[PDB]
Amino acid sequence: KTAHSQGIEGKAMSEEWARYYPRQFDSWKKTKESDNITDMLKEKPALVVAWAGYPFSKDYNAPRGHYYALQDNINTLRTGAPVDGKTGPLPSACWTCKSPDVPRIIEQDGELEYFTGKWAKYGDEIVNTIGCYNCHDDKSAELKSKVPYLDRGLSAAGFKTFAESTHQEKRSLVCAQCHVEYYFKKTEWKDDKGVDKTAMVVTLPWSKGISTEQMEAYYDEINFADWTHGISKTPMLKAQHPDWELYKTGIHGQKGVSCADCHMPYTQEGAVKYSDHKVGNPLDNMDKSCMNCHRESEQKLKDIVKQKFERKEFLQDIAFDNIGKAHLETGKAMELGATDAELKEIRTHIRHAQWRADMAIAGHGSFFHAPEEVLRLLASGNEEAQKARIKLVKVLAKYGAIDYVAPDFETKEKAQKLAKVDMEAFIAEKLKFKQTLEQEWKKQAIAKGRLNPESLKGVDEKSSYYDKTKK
């Protein structure tokens, strides 16, 4: 048994686990070191056009340390500026993969109640970032999935549930609670008090399989759309970090190498073995992350990974350039009078083109996890985009604009103008929210004993719109 066999009071606060596991706590806290904010809309402005009419056209940055998950969820312009617990653009489900307070609340109020309401609903309750309780049982310390939607997805795909999986599989599934593609399913229900409510439930689109094409069929079958494109009015699908799905198709995944083998390598100290909990870039610790299976130089492997990134970049830029042009050309055709009937096939091509390309790039490590599938997906997406553009030339010609040249979107500024994103306004409103409601959330959480001030050290130094210097 463990030294906490009766459970851990205050289990949602990872600091509470330090008295039993000081080593794991120490490395876990070190993700604070990965504080880099890479503004992806600045690096890849084409993404702004792709996501026109959707929150991702406002703010979208690369992933950084777990230490910053909760704060980034609060800082992103995507969550807007709530004035109370009933305002703001996004739902309560946006906290789901950012805090150990999520399972705490689910186990307390139930899954449906948790998924009901605005994101602002739990502002002073969900205040701890990715912690021990998100992956460990507080009595046995055993690995555990804390979110019901994962097993539901696994079963739907024909996979074994978490409890039925091997230990090596669990070493990857704990990550899959969050590092997967999902969609919010509007769900009507009624509580014990007999009140009718509507919940937005996190759902893994795996009922037809976990391949990009199978998920595509899943969404088309139910005529689902995350949003109607702001420029082309195409019924769009948003892919979100399908890290596990693509990893499973990659050779490492097929060979049984778990996420943990590279991201949480072991360190042998006598008869005791420790897992590095500083989840980050495995290339910063290759001797432990790779050299236990590969026998040559470090710089060599690094170069090979770099080669993969360059190939992915090459195809990514091509695909999103044509997807961007397709959206704009469709918008132009619309302005000229093109009918929905005349644009139906084109829009279907665009929807599929972007779904495939987004699925390929949304998982930032996919270019390495499943190199070949990523390149194939980008190639497939580009082909669908070009099929749309060939048809668009003809629609444009019918309306007398065969020589139309889609505007350029090579900078975030130019792209957001095309996407009609009033950044100044969104940032201004966001800052007001951070200076008022957010501070009230943190003050109340600290007063109630749900948040330890220590966990806030340097957590809010950066965002895509401000940099106090460094987190």
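Throughout, we count residues from 1 along the sequence that is shown. Definition used throughout: the rigid core is the maximal C-alpha set that superposes within 1.5 Å between two forms.
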Per-stretch CA RMS vs shown form in 5 other deposited structures of this protein, rigid core as reference, larger of 84-92/272-280 is 272-280
In 5 other deposited structures of this protein, superposed by the rigid core, which stretch departs further from the shown form in CA positions, 175-183 or 261-269?
261-269
Which has the higher mean CA temperature factor in the PDB entry, 175-183 or 269-277?
269-277
Tell me which of 51-59 and 438-446 has the higher mean C-alpha B-factor in the deposited entry.
438-446
Largest Cα B-factor, entry values, listed residues 390, 154, 328, 239
154
Residue with maximal Cα B-factor (values as given in the PDB entry) among 381, 365, 235, 158:
158
Looking at the C-alpha B-factor of residue 37, is it in the lowest, middle or highest third of its chain?
middle
Would you mind checking where the Cα B-factor of residue 209 ranks among the modelled residues of its chain, as the lowest, middle or highest third?
middle
When the deposited Cα B-factors of this chain's modelled residues are ordered and cut into thirds, is residue 422 in the lowest, the middle or the highest one?
highest
The third of the chain into which the C-alpha temperature factor of residue 250 falls is the highest
Based on the entry's values, in what third of the chain does the Cα temperature factor of residue 343 lie: lowest, middle or highest?
middle
